[PDB]
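Single chain ahead, written as structure tokens, the form deposited in one PDB entry.
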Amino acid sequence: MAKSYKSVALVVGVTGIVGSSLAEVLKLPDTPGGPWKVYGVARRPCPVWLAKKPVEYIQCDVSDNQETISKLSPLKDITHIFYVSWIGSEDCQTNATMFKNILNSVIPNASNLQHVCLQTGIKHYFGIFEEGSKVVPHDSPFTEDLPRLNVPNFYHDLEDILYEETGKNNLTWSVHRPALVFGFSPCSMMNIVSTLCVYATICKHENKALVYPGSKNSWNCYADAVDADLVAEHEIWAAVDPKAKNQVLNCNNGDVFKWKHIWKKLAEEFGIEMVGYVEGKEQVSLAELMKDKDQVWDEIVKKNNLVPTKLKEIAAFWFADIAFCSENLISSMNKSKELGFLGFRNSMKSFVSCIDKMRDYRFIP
């Protein structure tokens, strides 16, 4: 195909928590559909760490249609699209615009396009806005055959565009609904591992205890997650395997864990005392505990010689608070299994795996 590649990927959201994994996994010689040529699209200018990646980086505001057409239409060789991004808000039309503009720019020009992977999430099973009355969310373990809830969810819009555009043209599709993503990206708007690692790094820096600010339920309830590299495996799988073509597929590690056990590992990996859930104590907003704490992070990045990140950029404490008030949100991976996908991760090891990687990439050690 191109030069002498077998497949050419277009990772939209390459700086993302999943997009970064695709930027590594795709370039492996063992990766199916290889050898892979990878285009990586993000809004920000290419960071230092992604410059060290064998990926044709593309700086484009996908919300801007004319800019998208200008930068993507020359890419005649694209074979698989991995839409792994979102605007940063739950705005349905702005998110749809991005996805539309990708398809509007590539489909007519890419003469050998085959597949489009659309990544959404488990929120497709329980998304609710105006809380205080009706519309009851689905019960878990969530299965892909569950119908949409009567609410505005941009996941709906994205699927609609996906189903239609991949229908008008002889294209295959695949919808991926990952669980909580354990990743390493420092520029994700939702990186739970980096967030908790930052909180840990700061607790240690001030010689304070790693205090669990969450709820009683989230401390003891069964929770599930998914390694970012696995979501990469799962999306690549659906991209090349006929068995997974035109299918909606969940994606988790295959196991369950508890935050009480994660919290201990987090403290052990940092060598500090931890304060687990106190009986009777109510949840405290970690976003409040870490407000006005940026200078402390600025200092840490200097003193520890870490890759320059701002606290707002690498940590989403609001996202932790939500996860720490969430129970009964486990998804099923039977479908992918029965379709032949045998990918799994020990969630406990995966968490440490993400800590170690962000240490290796100088985001946190």
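All residue numbers refer to positions in the sequence shown, first residue = 1. Rigid core (definition): largest C-alpha set, two forms, superposition within 1.5 Å.
Not on display, but discussed next: the form deposited in another entry.
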In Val240, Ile128, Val248, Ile272, the 2 Å or greater C-alpha shift between the shown form and the other one, rigid core superposed, occurs only at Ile128
Is the shift of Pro152 between the shown form and the other one large enough to count as movement, that is, does its C-alpha move by 2 Å or more after the core is superposed? no
Aligning on the core only, does the CA of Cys92 end up 2 angstroms or more away between the shown form and the other one? no
Classify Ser188 as shifted (yes) or not shifted (no) between the shown form and the other one, where shifted means its C-alpha moves by 2 Å or more with the rigid core superposed. yes
So the C-alpha spacing of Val135 and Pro141 changes by 3 Å or more in the other form; is that change toward closer or farther than shown? closer
Where do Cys221 and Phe129 end up in the other form, Cα atoms closer or farther than shown, with a change of 3 Å or more? closer
